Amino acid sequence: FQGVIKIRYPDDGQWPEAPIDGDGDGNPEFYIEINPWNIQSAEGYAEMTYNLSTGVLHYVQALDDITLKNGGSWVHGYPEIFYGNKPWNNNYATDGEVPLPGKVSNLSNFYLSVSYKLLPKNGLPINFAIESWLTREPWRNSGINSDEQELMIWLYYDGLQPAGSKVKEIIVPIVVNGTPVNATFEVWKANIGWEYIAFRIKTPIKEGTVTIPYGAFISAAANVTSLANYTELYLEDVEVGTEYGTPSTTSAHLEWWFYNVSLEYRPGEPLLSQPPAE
């Protein structure tokens, strides 16, 4: 009896995507993409289903004989669901609590909650990667420039390493399965035609419920940035997905569930605060 929004690769082409619009206003609450952005040719399939009655996002992938677009780029793809304005295509989803896009100097704090269970097969290198783009303009569709930032938050990883160098270690208070815990994150800094900041947790979480304060990561990235006028940047979106694959990986079998992805806004509390504990 469940209504389902299903996208499938390669049946739906090379960019399978669909908006999640329960209220039918034309502005989606979220946007799902299979996003195999580095897959150049592949045998097999990938499929993502969003259950409209239960809200669970399901993704099943069984790709073989992978040819990559840029072997340099390492990762094969990034199947995801995001809220906000994705700066890399024309998709957006702003029907939500947190006013994204918005300047980090004007934005208030918010908490991201995720409930998931990951199943990489045959030791496929994967991660659970929350990522955000910070651009000089609010409604970007053409990509990222050198004076802009990519902010990543890795909640799980296996056989995968962030770009650049580990420059710091911070401690962010998060909630894992209802219990609050002081989590240590590795602060990785790469410069790849834009500033790349990745916060890799030291204890990967393969399944469960994790809630994080986003402002703790925005302030930490502000604390290590090499960008001028950081606070003038527009926080574009919050993307939640799983990177996977390496240049030496020709088969990528993967399945996971996102039982919930939600963002609670905190009006009045500043998003930019002091740096987290070291």
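Note that residue numbering begins at 1 and tracks the sequence as displayed.
A.B. asks: Would you determine, from the values in the PDB entry, which of 23-31 and 239-247 has the greater average C-alpha temperature factor?
C.D. replies: Mean B over CA atoms: larger for 23-31.
A.B. asks: Against its chain's modelled residues, does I205's Cα B factor rank lowest, middle or highest third?
C.D. replies: Middle third by C-alpha B-factor.
A.B. asks: For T49, return the chain-relative third of its C-alpha B-factor as stated in the PDB record: lowest, middle or highest.
C.D. replies: According to the entry, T49 has a C-alpha B-factor in the chain's middle third.
A.B. asks: Taking only the Cα B-factors deposited for this chain, tell me whether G72 sits in the lowest, middle or highest third.
C.D. replies: Highest third.
A.B. asks: Taking the values exactly as deposited, rank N191 by C-alpha B-factor within its chain and report the matching third: lowest, middle or highest.
C.D. replies: For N191, whose C-alpha B-factor we compare with every modelled residue in the chain, the answer is the highest third.
A.B. asks: Would you mind ranking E80 by its C-alpha B-factor against the rest of the chain and naming the third, lowest, middle or highest?
C.D. replies: Lowest third of the chain for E80's C-alpha B-factor.
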